[PDB]
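Nothing fancy with the numbering, it's 1 onward along the sequence. All heavy atoms count here, side chains included; hydrogens, waters and symmetry mates do not. Each ligand, and each atom within it, is numbered from 1 in the order the structure gives.
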Amino acid sequence: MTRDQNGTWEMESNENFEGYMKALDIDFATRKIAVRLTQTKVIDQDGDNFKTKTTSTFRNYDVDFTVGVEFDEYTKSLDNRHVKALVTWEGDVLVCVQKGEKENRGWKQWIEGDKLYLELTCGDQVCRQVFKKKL
Ligand SMILES: CCCCC/C=C\C/C=C\C/C=C\C/C=C\CCCC(=O)OC(CO)CO
């Protein structure tokens, strides 16, 4: 029973964010700033209802969803694309498919210990992020 992802989470590692951004066609000036940043993620979860805020000194990104309910997602201030997003549970892993112009786009997020893991995929690029829970 580890579906409860509530909390404030501070990034401790960010593997291949460069490759994931390049797969999304982010220009190199934007990548040069974005690759260096520590992100914070705030998850406010009530059952299958999620309100999430991911923040940094450069850009912030909010996304709210209900697990199992497809929604329109506009990745404002990121790659600025429109996708149809669906989040589901696979066991206790939160899985998102972002259907749109990029193949194999989505993410998976899950808890282990006091760490949150987030793997973001676009095409043949996977970015692996780890966050530690803030007290
Ligand atoms: C929002 C902080 C980082 C922003 C970096 C700025 C520009 C880079 C442009 C594009 C890269 C694409 C995505 C950023 C990667 C992660 C932020 C969270 C994305 C997301 O949907 O996470 C889900 C799962 O945690 C939010 O519910």
Side-chain angles (χ1 to χ4, degrees):
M1 297 220 161
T2 64
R3 288 183 175 183
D4 187 350
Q5 305 191 346
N6 273 287
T8 296
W9 303 90
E10 184 173 288
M11 171 176 276
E12 66 175 32
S13 61
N14 194 6
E15 170 195 308
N16 193 37
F17 193 45
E18 161 70 13
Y20 173 77
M21 284 189 293
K22 195 170 189 179
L24 289 171
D25 309 296
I26 304 302
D27 73 89
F28 198 25
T30 301
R31 299 201 309 274
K32 250 174 79 160
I33 297 166
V35 76
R36 298 258 272 160
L37 309 176
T38 299
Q39 302 182 22
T40 296
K41 198 173 296 281
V42 176
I43 296 170
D44 172 7
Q45 177 188 354
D46 174 25
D48 281 345
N49 298 324
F50 282 76
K51 298 182 181 178
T52 77
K53 304 174 173 54
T54 303
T55 57
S56 76
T57 186
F58 180 50
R59 305 288 180 73
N60 304 312
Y61 185 65
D62 296 348
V63 64
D64 302 344
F65 54 83
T66 297
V67 182
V69 179
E70 180 172 277
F71 65 102
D72 290 306
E73 183 182 6
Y74 170 52
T75 54
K76 184 177 184 64
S77 302
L78 302 179
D79 63 316
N80 296 294
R81 287 190 170 90
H82 297 274
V83 299
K84 292 289 185 180
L86 176 64
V87 183
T88 52
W89 288 112
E90 294 185 7
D92 298 344
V93 179
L94 200 62
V95 177
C96 179
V97 174
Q98 290 167 317
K99 180 174 173 53
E101 293 305 305
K102 293 296 185 182
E103 291 191 274
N104 196 35
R105 185 187 180 153
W107 52 257
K108 301 186 179 178
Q109 185 166 279
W110 71 96
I111 300 296
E112 298 183 29
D114 72 339
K115 303 208 169 173
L116 179 149
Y117 296 79
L118 175 59
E119 296 196 343
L120 302 125
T121 300
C122 186
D124 70 354
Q125 299 294 319
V126 184
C127 167
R128 288 177 186 87
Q129 303 182 341
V130 184
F131 298 76
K132 188 165 180 177
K133 208 173 190 293
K134 293 238 155 304
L135 300 184

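Each of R128, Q109, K108 was compared with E119 under the side chain to side chain donor-acceptor pair (under 3.5 Å) criterion, and only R128 meets it.
Here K132 does not pair with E10 in a salt bridge; the nearest charged N to carboxylate O distance is not below 4.0 Å. Using a cutoff of 4.0 Å between basic side-chain nitrogens and carboxylate oxygens, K53 and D62 are not scored as salt-bridged.
Annotation: side chain of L94 is in contact with side chain of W89 (closest heavy-atom distance under 4.5 Å).
Between the side chains of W110 and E112, at least one donor-acceptor pair of N or O atoms lies under 3.5 Å.
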Starting from the N and O atoms of ligand 1, collect every protein N/O partner closer than 3.5 Å and put each pair on its own line with the distance to 0.1 Å.
from     : atom 1 : to   : atom 2 : distance (Å)
ligand 1 : 25 (O) : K41  : NZ     : 2.8
ligand 1 : 25 (O) : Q109 : OE1    : 2.6
ligand 1 : 27 (O) : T52  : OG1    : 2.9

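A search for salt bridge (charged side-chain N to carboxylate O under 4.0 Å, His left out) contacts involving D4 returns nothing, not counting sequence neighbours.
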